[PDB]
Protein chains: 2
Amino acid sequence: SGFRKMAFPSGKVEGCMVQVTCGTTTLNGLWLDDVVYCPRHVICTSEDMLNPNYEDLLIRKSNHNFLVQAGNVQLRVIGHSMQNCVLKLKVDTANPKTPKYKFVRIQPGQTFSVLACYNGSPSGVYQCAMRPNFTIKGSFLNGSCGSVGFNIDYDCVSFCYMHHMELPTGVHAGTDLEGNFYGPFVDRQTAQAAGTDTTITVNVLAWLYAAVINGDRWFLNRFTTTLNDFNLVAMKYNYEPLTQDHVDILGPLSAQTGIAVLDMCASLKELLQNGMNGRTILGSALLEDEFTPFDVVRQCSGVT
Amino acid sequence: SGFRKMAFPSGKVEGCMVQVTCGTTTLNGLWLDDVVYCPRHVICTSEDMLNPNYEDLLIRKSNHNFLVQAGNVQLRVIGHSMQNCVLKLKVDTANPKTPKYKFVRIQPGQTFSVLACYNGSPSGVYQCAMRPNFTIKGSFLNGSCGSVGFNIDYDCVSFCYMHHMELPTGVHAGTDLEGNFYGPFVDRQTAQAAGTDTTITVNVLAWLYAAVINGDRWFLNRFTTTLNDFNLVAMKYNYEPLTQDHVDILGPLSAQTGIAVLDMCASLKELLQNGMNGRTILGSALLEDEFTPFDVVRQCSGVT
Ligand SMILES: *[C@@H](Cl)C(=O)N(c1ccc(-c2ccccc2)cc1)[C@@H](C(=O)N[C@@H](C)c1ccccc1)c1cccnc1
Ligand SMILES: *[C@H](Cl)C(=O)N(c1ccc(-c2ccccc2)cc1)[C@@H](C(=O)N[C@@H](C)c1ccccc1)c1cccnc1
């Protein structure tokens, strides 16, 4: 019993964090095989934040301008390239602790674990969702850039996010491990705002199924609903539209609870139209949307 | 910016988790140097849950009745003893991945990280508080027993919790690493209640300081209060009484924000007396009490 914001174990990712310094700037890199990945803004200075020409700036740099440090050991940069918004530093030593890994581009509403790092040293781990507007609501200070987001399938670490910057709201933006930013953001000091963020409907439904599995059954109602009718109520409360793919994805929890998806949807509508009257579901006074149906199945089936 | 329930990196603890089997029962053990620690209930069977005489049960066991498995390696048990509610299995090989560690008995209201394990394999990591009533509100399934709670100071792992059981309300109970239970609980199937759990007042104040630091300031009011005055209101809402030591402990956040502690108390008082009016602080619709002043400082200063 119980339901917590649970991260994956971070050990495999800890062994891959290094410190990358270029001139004055210090930020975290990810060391896999004989390559270190980090944010390309590491090569900027203050004069160049409003509109850097990275191509130009990168040309003014040589291999020896990049100091890479893993623990106390200094690694030798024998190459450097830029892939979209990431710098790839080629080093003469493959990481002995390189896990089985993939790079994946995740979809909005999916979750991952963040290993928040400073000076190449892991500081903490937490679970995050990629918001519909392609930001993440993380917890990151100055120096956190290069910190990575990941999911672990058995032995394979799937890297899906690299932290690049904080926005005016205080939300965070970043890229996949191929340097492509999630959303419409750019690595420069300019006016950037995220779009309207919606609530991940399928995630709230999964969390409600988790509540039932944990005995919090009050919100359950005597009414059912239809996709069309629910989706009309959803648009009003800035909830993402629910698809049959979402209905199909929730099947495992429906079968374990004996509660059909559309009956769960009808209970959400009432919580949306009538509020929670001051009660709490799974310790929260608001509807949570950062848990996927998989996250819920995992935290209720005990996957290791 | 941002504020999340953040766990410590779990890598150091991952390398210490093993699988302990005695007869039919499998659970998790902690392998440090040449000793494996696990819950003594591993030696029990179904007929013996209501009132086991462990001394007696243990006498029916020899070294070879204990299977310890770390990954695929089977370790050889060369000794066994019982310390309070933990079994200590002596093995012939010291753990090569043993971190610098201590065993600590933590105070109520303190926090720690849990590495939830099944079959000796890490599954997930999350942050918990030891409740005033000496339970924890965790997320553990069958097979979780022997999973541990810890804090990491630099390279030093302080083990403070081993999971032993789930109580009727589905909160969890366990021991320190000397096998002394937190609270009045015993390792048998009897009826055990936690009694009244209060809110950790000092942690709520810390969290409020976290909010201010993150720009959430609506709840700040034009009042101050006194310790006595505040505590009279705290007792009414089952908040732990605030001491001068708690006041001293909040000094960093106080100095950082330039908001005096007693002024923050007066703001808590109104929130308690008036509720939050359906507003939120740091993405929550209720007052959070599972972050310590240290957790807050750490998350708002960048410790690794
Ligand atoms: C831990 Cl691997 C587990 O699956 N248990 C559990 C704990 C303790 C015992 C036990 C105690 C004394 C003698 C023999 C065996 C057995 C199983 C789960 C659990 O605590 N069930 C509770 C209801 C229980 C308490 C006391 C005795 C028996 C059962 C458990 C389940 C979920 C999360 N954590 C632990
Ligand atoms: C990352 Cl180590 C960091 O401390 N930054 C940061 C990000 C990006 C840049 C940058 C961008 C383009 C050219 C040069 C440098 C510098 C610093 C923090 C940050 O994002 N500050 C924001 C306001 C910023 C955005 C864009 C440009 C400059 C600054 C930061 C702070 C807190 C959490 N994460 C990141």
Side-chain angles (χ1 to χ4, degrees), chain A residues 1-2 19-22 24-29 38-54 57 85 116-120 136 138-147 162-174 185-192 214 300 302, chain B residues 1-2 19-20 22 24-29 38-54 57 85 116-120 136 138-147 162-174 185-192 300 302:
Chain A
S1 302
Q19 177 188 258
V20 176
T21 36
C22 187
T24 184
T25 316
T26 177
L27 52 65
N28 316 288
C38 77
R40 71 177 172 172
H41 72 72
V42 67
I43 75 175
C44 298
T45 63
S46 42
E47 311 135 298
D48 260 311
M49 276 184 209
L50 236 65
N51 214 359
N53 184 316
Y54 281 101
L57 294 178
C85 296
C117 295
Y118 301 94
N119 285 118
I136 80 176
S139 170
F140 282 130
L141 303 172
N142 272 278
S144 63
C145 304
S147 292
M162 172 166 265
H163 183 51
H164 278 242
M165 57 189 201
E166 185 171 291
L167 295 178
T169 59
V171 291
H172 304 102
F185 314 109
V186 291
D187 47 358
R188 74 166 110 120
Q189 197 187 37
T190 182
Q192 330 189 42
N214 276 280
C300 302
Chain B
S1 296
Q19 177 187 259
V20 178
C22 188
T24 184
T25 313
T26 295
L27 48 66
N28 307 291
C38 75
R40 68 178 173 171
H41 71 64
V42 67
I43 76 176
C44 295
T45 62
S46 313
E47 59 221 300
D48 261 310
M49 281 175 198
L50 223 70
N51 208 2
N53 184 317
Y54 285 98
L57 295 180
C85 296
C117 295
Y118 301 93
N119 286 112
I136 81 177
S139 167
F140 290 117
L141 300 174
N142 294 257
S144 59
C145 301
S147 295
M162 176 176 269
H163 183 46
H164 283 244
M165 58 189 181
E166 188 171 285
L167 296 163
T169 53
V171 291
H172 305 104
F185 313 111
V186 293
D187 46 2
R188 74 186 65 118
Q189 193 187 58
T190 180
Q192 318 184 58
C300 312

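Heavy-atom basis, side chains included; hydrogens, waters and symmetry copies ignored. We count ligands from 1, going down the list as the structure has it; atoms in each ligand are counted the same way. Order of the sequence lines fixes the chain letters, A, B, ..., with proteins taken first and strands second; residue numbering starts at 1 for each chain.
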Protein heavy atom under 4.0 Å of atom 33 (C) of ligand 1 | yes

Please could you name the atoms of ligand 1 that B/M165 approaches to less than 4.0 Å, counting only its heavy atoms?
-> 20 (O)

Those atoms of ligand 2 less than 4.0 Å from some heavy atom in A/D187 = 12 (C)

Find all atoms of ligand 1 within a distance of less than 4.0 Å from any non-hydrogen atom belonging to B/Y54, and give their numbers and elements.
-> 12 (C), 13 (C)

Ligand 2 to A/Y54, heavy atom cutoff 4.0 Å, flagged ligand atoms 12 (C), 13 (C)

Distance-minimising heavy-atom pair for B/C38 and B/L27 | CB-CD1, 3.8 Å

Contact atoms of ligand 1, heavy-atom distance to B/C44 under 4.0 Å | 13 (C), 14 (C)

Does atom 21 (N) of ligand 1 have a protein non-hydrogen atom under 4.0 Å from it?
-> no

Out of A/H41, A/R40, A/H172, the nearest non-hydrogen contact to atom 9 (C) of ligand 2 is supplied by A/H41

State the atoms of ligand 2, each with its element, that fall below the 4.0 Å cut-off from a heavy-atom position in A/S144.
-> 2 (Cl), 33 (C), 34 (N)

Hey, which atoms in ligand 1 end up nearer than 4.0 Å to a heavy atom of B/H164?
-> 7 (C), 8 (C)

So is B/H163 polar-close to ligand 1, meaning N/O to N/O under 3.5 Å?
-> yes

Tell me which part of B/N142 gets within contact of ligand 1: side chain, backbone, both or neither, using heavy atoms under 4.0 Å.
-> both

Nearest to atom 6 (C) of ligand 1 by heavy atom, B/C145, A/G302, A/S1: which?
-> B/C145

Return a yes/no value for A/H163: is any of its N or O atoms, backbone included, closer than 3.5 angstrom to an N or O of ligand 2?
-> yes

Can you list the ligand 2 atoms lying under 4.0 Å from a non-hydrogen atom of A/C145?
-> 1 (C), 2 (Cl), 3 (C), 5 (N), 6 (C), 7 (C), 35 (C)

Would you say A/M49 and ligand 2 have an N/O pair spaced under 3.5 Å apart?
-> no

Could you list which atoms of ligand 2 come closer than 4.0 Å to a heavy atom of A/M165?
-> 20 (O)

With a 4.0 Å cut-off, strictly under, does atom 1 (C) of ligand 1 pick up any protein heavy atom?
-> yes

Looking only at distances, please establish whether an N/O atom of ligand 2 is found under 3.5 Å from an N/O atom of A/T26.
-> no

Below 3.5 angstrom, do we get any N/O pair linking A/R188 and ligand 2?
-> no

Enumerate the atoms of ligand 2 whose separation from the nearest heavy atom of A/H164 is less than 4.0 angstrom.
-> 7 (C), 8 (C)

Has ligand 1 got any nitrogen or oxygen that is less than 3.5 angstrom from a nitrogen or oxygen of B/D48?
-> no

